[PDB]
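The chain below stands alone, shown as structure tokens; this is the form deposited in one PDB entry.
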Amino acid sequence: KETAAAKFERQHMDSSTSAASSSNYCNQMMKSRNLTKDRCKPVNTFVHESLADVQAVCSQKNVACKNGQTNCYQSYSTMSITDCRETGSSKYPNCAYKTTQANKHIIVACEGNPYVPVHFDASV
């Protein structure tokens, strides 16, 4: 079965490109990462940095999570990310997304032993 850590990697990691993310990037990525299978996931961020660099965020700046939990961490450096947001006209199963590339600090929640990212909270 898929671990929480593995799900984070599937949903949020894309180390292969520096940013490139064509205007088609989210339409393609959201489907293939299985985020459009049961419904159109409304909002999802992919991070274009090495796995070790994203894992390292769990030992960086501790900040409150949006839900009030205390186990969120903000990257000291900006990171290459792509935000995917479902369009107004998108209708399941034809999930359609706007693709927006940015360099921002990421905030992730970390859990477990080993202590690793399990949830993408925000970018700032």
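Here, rigid core means the biggest group of C-alpha atoms that superpose within 1.5 Å across both forms. All residue numbers refer to positions in the sequence shown, first residue = 1.
The stretch that moves more in 6 other deposited structures of this protein, judged by CA deviation after a rigid core superposition and choosing between 32 to 40 and 51 to 59, is 32 to 40. Look at the mean CA B-factor for 59 to 67 and for 30 to 38 in the entry; the higher one is 30 to 38.
In this entry, 88 to 96 shows the higher mean Cα temperature factor of the pair 69 to 77 and 88 to 96.
Each of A20, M13, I107, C110 has a CA temperature factor in the record; the biggest one is found at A20. Ranked by C-alpha B-factor against the other modelled residues of its chain, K1 falls in the highest third.
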